[PDB]
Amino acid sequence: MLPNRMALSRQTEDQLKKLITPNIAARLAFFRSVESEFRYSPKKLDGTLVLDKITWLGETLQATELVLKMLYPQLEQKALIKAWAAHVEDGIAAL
């Protein structure tokens, strides 16, 4: 499970600036990054855009949490937000 409300890093939103609504972009960048070889490695998510989990992910909610469960069965919820945001960051970088 991911938290109810979440934000990305200030760099991730800066990368988005360089690159549509941000939440949709966060969905497409997430899946782009996951399908690559990039994986989360243990960070302060100080973005201005804080949104509801439902608002961020939409219908990709189930898929996102499932993939996070698959790729990182070790991580408990606390660092899942970290992994999600790292994939969005890597994903936007790929696009």
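Position 1 is the first residue in the sequence shown; the rest follow in order.
According to the record, the deposited sequence contains 4 to 9 residues between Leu19 and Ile20 that were left without coordinates. Gap check for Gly58 to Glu59: zero deposited residues are absent from the model. Sorting the modelled residues of the chain by their CA temperature factor places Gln15 in the highest third.
Ranked by Cα temperature factor within the chain, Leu28 sits in the highest third according to the deposited record.
Ranked by C-alpha B-factor against the other modelled residues of its chain, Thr64 falls in the lowest third. Ranked within its chain, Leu80 lands in the highest third, by CA B factor from the PDB record. Per the deposited record, the Cα B-factor of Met1 falls in the highest third when ranked against the other modelled residues of its chain.
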